[PDB]
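Asks: build me a model:
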Amino acid sequence: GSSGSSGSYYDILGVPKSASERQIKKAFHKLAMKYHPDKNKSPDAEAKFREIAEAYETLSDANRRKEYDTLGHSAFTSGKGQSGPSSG
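Replies: Numbering: from 1, shown residues only. Find the structure here:
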């Protein structure tokens, strides 16, 4: 099947649920580079990075990351838009 198993930030970035602030930014940074538009030529890169960044922003701050950890992926991502009510 496809080769793009995404979902939770921790996955997109590749950091543990208890990853330290330094670990999160550390992992992301490296990634952003591999998917950076300035380096990456492929058109998909630009898009991919669009998911890596947003993922970090949340796991970058304190409260932001605290919520995404106390609520969850689909939980924290429940505002004004289409969510994933899927049971499991």
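
Asks: setting aside sequence neighbours, what's the nearest residue to residue 48?
Replies: Computed as CB to CB, 6 or more residues apart in numbering, the closest residue to residue 48 that is not its neighbour in sequence is residue 35, at 4.4 Å. (C-beta placed from N, C-alpha, C; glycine too.)

Asks: hang on, the one you found packs against residue 53?
Replies: No: contact criterion CB atoms under 8 Å: residue 35 and residue 53 do not qualify, at 9.2 Å.

Asks: which residue, other than its chain neighbours, is closest to residue 6?
Replies: Residue 6 sits nearest to residue 12 (CB to CB, 6+ apart), 5.7 Å away.

Asks: what's around the one you found, how many residues?
Replies: 22 (other CB atoms under 10 Å).

Asks: same question, the one 3 residues further on
Replies: Residue 15 has 21 neighbours, counted by other CB under 10 Å.

Asks: same question, residue 54
Replies: The tally of other residues near residue 54 (other CB under 10 Å) stands at 11.

Asks: measure it to residue 41 for me?
Replies: Applying CB to CB, to the nearest Å, the value for residue 54 to residue 41 is 22 Å.

Asks: tell me the secondary structure for residue 68?
Replies: helix (DSSP: H, G, I helix; E, B strand; the rest coil).
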